[PDB]
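Novice: Protein chains in written order, with the authors' numbering: chain R, 698 to 945; chain B, 2 to 70; chain Z, 1195 to 1243; chain U, 7 to 237; chain X, 6 to 235; chain D, 329 to 643; chain V, 727 to 823.
A single structure is presented below for examination.
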Amino acid sequence: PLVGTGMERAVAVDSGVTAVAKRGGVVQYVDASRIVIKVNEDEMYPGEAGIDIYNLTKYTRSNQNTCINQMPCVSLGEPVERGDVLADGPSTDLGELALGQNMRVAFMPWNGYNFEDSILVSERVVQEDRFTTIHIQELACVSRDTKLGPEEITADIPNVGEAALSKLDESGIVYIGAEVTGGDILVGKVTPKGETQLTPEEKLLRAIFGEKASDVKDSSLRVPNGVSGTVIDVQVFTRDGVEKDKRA
Amino acid sequence: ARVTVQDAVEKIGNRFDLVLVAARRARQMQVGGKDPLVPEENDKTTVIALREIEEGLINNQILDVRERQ
Amino acid sequence: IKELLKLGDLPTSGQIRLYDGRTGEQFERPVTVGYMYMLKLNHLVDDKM
Amino acid sequence: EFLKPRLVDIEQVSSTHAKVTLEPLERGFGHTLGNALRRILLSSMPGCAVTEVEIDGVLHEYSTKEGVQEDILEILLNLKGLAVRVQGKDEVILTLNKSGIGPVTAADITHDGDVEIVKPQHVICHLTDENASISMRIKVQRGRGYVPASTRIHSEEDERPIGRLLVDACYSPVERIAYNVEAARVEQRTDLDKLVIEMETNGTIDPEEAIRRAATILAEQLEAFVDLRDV
Amino acid sequence: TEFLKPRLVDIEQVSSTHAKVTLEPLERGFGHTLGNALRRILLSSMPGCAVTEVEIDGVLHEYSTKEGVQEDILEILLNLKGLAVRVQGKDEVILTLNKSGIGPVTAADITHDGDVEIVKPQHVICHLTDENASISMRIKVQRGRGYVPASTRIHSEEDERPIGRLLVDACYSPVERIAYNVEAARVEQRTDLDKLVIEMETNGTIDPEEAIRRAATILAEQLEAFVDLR
Amino acid sequence: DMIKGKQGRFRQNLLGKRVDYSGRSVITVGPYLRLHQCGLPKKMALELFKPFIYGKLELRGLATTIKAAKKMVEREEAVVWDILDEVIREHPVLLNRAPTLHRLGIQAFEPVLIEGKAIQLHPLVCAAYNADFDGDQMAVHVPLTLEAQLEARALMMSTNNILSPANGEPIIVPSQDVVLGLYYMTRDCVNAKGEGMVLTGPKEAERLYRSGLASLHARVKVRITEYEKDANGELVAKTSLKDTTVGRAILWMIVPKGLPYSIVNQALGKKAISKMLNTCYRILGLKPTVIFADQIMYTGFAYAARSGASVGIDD
Amino acid sequence: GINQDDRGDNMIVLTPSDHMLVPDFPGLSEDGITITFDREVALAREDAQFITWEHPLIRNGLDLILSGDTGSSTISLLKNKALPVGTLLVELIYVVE
RNA sequence: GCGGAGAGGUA
Ligand SMILES: Nc1ccn([C@@H]2O[C@H](COP(=O)(O)CP(=O)(O)OP(=O)(O)O)[C@@H](O)[C@H]2O)c(=O)n1
Ligand SMILES: [Mg+2]
């Protein structure tokens, strides 16, 4: 903020969004994931001291679906003291609270485009990319155990075109970094079919063709309608007695 | 677009059965049983029927006489 | 505030004369310009529409 | 029997900042030409800018490299500001390769003939590890105006490589434009004006060419006006 | 690079002096730049001829009264302001009006000179009453650009002139009114394009289309010196 | 419990249904609109009018069967947008704002396709809706049958509802920017540029103001021809010299024939503008009042912007 | 009573329906079959049934209808001002075999 | 995966 109250540092530090030094020292290694500091001899524990390492958190989902990313402030070889701000949390800069951004406003009516409380904005603002936020949706596909048979996560999904599989790996999960759109298959899942009772000629046809009586229905999760973004991360949680998939 | 129907309501002062006669006419026009008596300017059939009403060519009685004929 | 504006070599009254970017003609009665800290709230039209 | 304005001295104070003068302007046309040029310059000046980037070890804009402190997204943000001059081709592929500890600036780009890197000091990254190495290939196009990634997404046209990193294209070199019409005492005339156009750019388009092209565009539209069909 | 050039120049000429002109295809933002450039040039800088000064044989100051004209002097000046005249060869010419008898003294009643044409012969000037009905005046018309009010010349009137030298506002520009609206127009895929609707009222002499014509001509002539990409 | 009570039934499901062909979005200014129209985003319009699109596409033969029409809408090719523009032409839509207090909470407008995801609402009608552009949202319904279309355009259209049903006075009075601009325009000043020069009409007044040869407010003598319908509906021109401001002349350009000049001659504040609209309605009728209101809005917005009114600490 | 989803690219997907008219259709299965009427699509999409007048699906449905007795008897009213009231028209379809 | 609670927010 160009016009603050001084409380910004108190709020930023006291909130857990910043990364703050616990034992002061000198910055040994700086990366956009961790800051490694060599402790000063004063604060250095006599027995079994070692150095301090701070792992940062990069784009994760907040409760409101916003991004929570920390950036390093300090550079290699700078000395840090206990209670300084190493890394900036979301919407904080060098220890200070930066809730939004400060722009040049002019108070005037401009052909009633700011008629009521509405606001007029200059294309330079979108050009300078200053009001663009990153959001982050989480989606979950759950494969449970039904009594007709456990569902499967395989990429072999009945009556889907190979177009839909193209962006899926052999395990059936989207590649990290792939750009998706509404209706695209987010992850592959198969619904089991029972009491198929196929005719004997049909059973012979199934063997040569490779058609699966077990499948014939798809429970695959799809990206919700009208939401489109990049898959930045994927996680897989298996219970006991479940084989680890490639993604795992 | 026809922004005011004031003359059509001045033709029939109830301002409600205006809507009924215009709906009957525009329904005879859409399902192509009939033809417009006014040169259309790329209007849809609702505004065509209102434009016809305001020019005095169509009302309820003209509808009744033409239907029985 | 007046002092701080003076130190920067800006009009002490905090209002400036502005030219209409479309027409190029001056606006009568100079208008207040300056930097204000604004926020984009979580109500995004694409979520609402 | 009239006058008409001739382009006179064009002072260059810095590589980015420039003053252009127009001496023999009739009364009243000062503001007209000033504003017309300001509009055309700010809106329509063709320039080149990076459209998409491919870095080796990174899947998407949001991941992070070992041994760098900026996030990849910030690397794209730094590239958006890269001021470059392309002469012949429409799409060029620049190559940045650096290893070892140090700031990866714009100067380290592989020097091609047709491309001019206007500000070699422009920083891109900071390495922080002896064995950390970054390699990337930045694709630069020519265009006019402002095109964001999200609009071009409709026309993806096989954006299939997940390594591709799309950048919003600000195809405009001009940052700021001001003009002053001031009394141009001509030795045999009472009330004549000179137009002074002061312009701040990212240092790619030269002043003379910018002004010439803008005048060209305005003259072309006026040409459109000269004929009137009435048919 | 490759720009978008306007097509479909439609012109709805209601009341010959009043013309609406529409230009739907264009590029973003050029609506106001082009509309305004045209408007200002048309309004402020247009070569024309108009009455500048007048000498009345009977009255020495603009507030005095003539016997038998119900109209005040200011009304006569205002009527003289509306005179739209086109002279061909001469630069500055002096017309005389001398009328008697009952009725409306109109522009037609001026003495018919060679090079000068009064485009509106029916423009009222004065009303003369009965049995005296004596009106005589000499109106001087000059060529110039734009509109020049009395106040700016009378400011620089240290050169003392004899009484009766009555200055009149010079209406050179043939355009009486000019305005332009810009509105959204889309070519089937590109929506950030705009239409220019130019409403123009001229003073009889030239029809609006040709007014626009010479405006764009003049502006192009000034620009010619720089434009070379062809 | 299911029957009785708000959440349960009659209130919820039998007087409070949930229609199809409906949308919702944030409202925005859109000054350029006509009183009888509203800016509508392309994508919502396509979504709402989907079945209309299919019907028209099949009539024109662009699609063999309905599924091909659906696929053509889901690709969204230029033909689809052309058909949407053609179908939208005279089709009116209903605009509603969350607390529909009185019957002016629902009004019909002709939509104009625009970019963006926000619905554009005509400024003059905001007072009727109690709408403010600070995140207020509005819902948009589509009348389907022919009788519904005629009813929406006739009974509910913005221009047909200018007088409040409660009392007879106008509802669509200019609110804040318009009235500020008009106020700035009509107020006079003791001394300015062009004091006391005589103008032959408003058109040269505008010539003077836009060229910077006269101040937007400056006392001047102008010849004006007002019209009066004193006879049995005939307009008689009376033409004389009035002492007014440049601004009052500039405003007079819009005013329809029947109204006395006096109307604009004053300071022209909120009340003055409201009574101006009142007289215009009582004398001329609906259509001139509508067009005059639109003109008032446009001129007020324009000249408010030209005024450059701001608020400094020293003000 | 066979649902015909039009996928769009000259391919129809036929699936039975809850209201189909026969116990089992010889060729049909509940999972459905894709067909194309264009010989070139069939040559490009071997997963589809190439439907012609001689295709078993059509010959099958034909035998199914022409052997059954549905569609053999119905009544219908006609509203025509240009005819007398209560007049009788009788459509008779003989079959030579 | 139609529902209903609880919490918060918008006008
Ligand atoms: N608990 C609530 C609080 C608000 N609302 C709604 O928010 C608006 C209040 O306007 P308002 O008159 O109170 C403020 P505004 O209209 O913007 O004018 P001003 O700011 O210059 O004073 C009304 O439409 C209410 O229906 C509601 O339904 N329930
Ligand atoms: Mg509000």
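C-beta: ideal position from N, C-alpha, C; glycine also.
1. Any contact of the region 728-747 of chain R with the region 57-74 of chain U, i.e. 3+ C-beta pairs under 8 Å?
2. Roughly how many whole angstroms lie between the Cα atoms of R/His832 and D/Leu614?
3. Between D/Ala436 and D/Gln465, which are expected to be in contact by the criterion C-beta below 8 Å, what is the C-beta distance as a whole number of angstroms?
4. Taking Cβ-Cβ distances below 8 Å as the criterion, which residues of the region 150-182 of chain U are in contact with chain Z?
5. Is there a Cβ from chain X that is less than 8 Å from the Cβ of Z/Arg1216?
6. Chain Z partners of D/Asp348, CB-CB under 7 Å?
7. Near ligand 3, which residues have their beta-carbon less than 6 Å from any of its heavy atoms, given in chain order?
8. Can you tell me whether U/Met205 is buried or exposed? The criterion is at least 16 other CB atoms within 10 Å of its CB, across all chains shown.
9. I need the straight-line Cα distance from D/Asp413 to X/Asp96, nearest angstrom please.
10. Could you spell out the range, first to last residue, of the beta strand (DSSP E) harbouring U/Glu204?
11. Taking 8 Å as the threshold (C-beta atoms), are R/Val723 and R/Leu783 in contact?
12. Given a cut-off of 8 Å, decide if D/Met525 and D/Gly575 are closer than it, judged by their beta-carbon atoms.
13. Thinking R/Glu705 and R/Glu793 are a contact (beta carbons under 8 Å), I'd like their distance in whole angstroms, please.
14. Rounded to whole angstroms, what is the Cα-Cα separation between D/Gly383 and D/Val401?
15. Closer than 8 Å, CB to CB, is U/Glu17 near chain R or not?
16. Where does U/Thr134 land, buried or exposed, given buried means 16+ other C-beta within 10 angstroms?
17. Assign D/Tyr537 to one of two classes, buried (16 or more other C-beta atoms within 10 Å of its C-beta) or exposed (fewer than that).
18. For chain V, check one thing: does any of its Cβ atoms lie closer than 8 Å to the Cβ of residue 946 of chain R?
19. Measuring only between beta-carbons, confirm whether U/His66 sits less than 8 Å from chain R.
20. Can you give me the start and stop residues for the alpha helix (DSSP H) that B/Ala24 sits inside?
21. Which one of R/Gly874, R/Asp915 and R/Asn922 has the shortest CA to CA distance from R/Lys886?
22. So D/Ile552 and D/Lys570 are supposed to be a Cβ contact under 8 Å. How far apart are they, rounded?
23. Could you check if D/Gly433 belongs to the surroundings of ligand 2, using beta carbon to heavy atom distance under 7 Å?
24. Give, in chain order, every unbroken run of the beta strand (DSSP E) that is at least 3 residues long and sits entirely within the region 31-117 of chain U.
25. Between the Cα of V/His781 and the Cα atoms of V/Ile761, V/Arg771 and V/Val767, which residue gives the shortest distance?
26. Are the C-beta atoms of R/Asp749 and some chain D residue less than 8 Å apart?
27. The alpha helix (DSSP H) that contains X/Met142, what's its start and end?
28. Which one or two residues does DSSP pair with D/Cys517 in a beta bridge?
29. Please state whether DSSP places U/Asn137 in a helix, a strand or coil.
30. Would you verify that the beta carbon of D/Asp642 is, or is not, closer than 8 Å to some beta carbon of chain Z?
31. Touching or not, the region 22-38 of chain X and the region 145-162 of chain X, by the rule of three or more beta carbon pairs under 8 Å?
32. Which runs of the alpha helix (DSSP H) spanning at least 4 residues fall entirely within the region 736-772 of chain V, listed in chain order?
33. Kindly list the residues whose CB is nearer than 6 Å to the CB of R/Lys943, restricted to its own chain and excluding five residues on each side of it in sequence; keep chain order.
34. Should D/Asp462 be listed as close to ligand 2, given that the test is whether its C-beta is under 7 Å from any heavy atom?
35. Compare the Cα-Cα distances from B/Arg26 to each of B/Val39, B/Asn15 and B/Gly14 and report the closest residue.
36. Can you check DSSP and say which residues form a bridge with D/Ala436?
Specialist: Taking the structure as given:
1. Because the criterion of three Cβ pairs below 8 Å is met, the region 728-747 of chain R and the region 57-74 of chain U touch.
2. 50 Å
3. That pair is no contact at about 18 Å.
4. none
5. yes
6. By Cβ distance, chain Z contributes nothing, its closest Cβ being about 17 Å from D/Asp348, past 7 Å.
7. With respect to ligand 3, the structure shown offers nothing to examine, as its ligands consist of ligand 1 and ligand 2.
8. buried
9. 56 Å
10. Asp199 to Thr207
11. no
12. no
13. 4 Å
14. 12 Å
15. no
16. buried
17. buried
18. No answer is possible for residue 946 of chain R: it lies beyond the span of chain R, which begins at 698 and ends at 945.
19. yes
20. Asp18 to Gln31
21. The option with the nearest alpha carbon to R/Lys886 is R/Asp915.
22. Right, the Cβ-Cβ distance comes to about 6 Å (below 8 Å), so this counts as a contact.
23. no
24. 53-61, 90-92, 97-105 and 108-111
25. V/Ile761
26. Not closer than 8 Å to any Cβ of chain D, the Cβ of R/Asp749 fails to qualify, so no.
27. Element bounds for X/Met142: not the alpha helix (DSSP H) but the beta strand (DSSP E), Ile140 to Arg150.
28. Looking at the DSSP assignment, D/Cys517 forms no beta bridge with any residue, so it has no partner.
29. In this structure, U/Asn137 counts as coil in the three-state DSSP scheme.
30. yes
31. As far as the Cβ criterion goes, the region 22-38 of chain X does not touch the region 145-162 of chain X, which means the pair count is below three.
32. 765-770
33. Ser868.
34. yes
35. Per the C-alpha coordinates, the member of B/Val39, B/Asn15 and B/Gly14 positioned closest to B/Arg26 is B/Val39.
36. Per DSSP, D/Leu422 and D/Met485.
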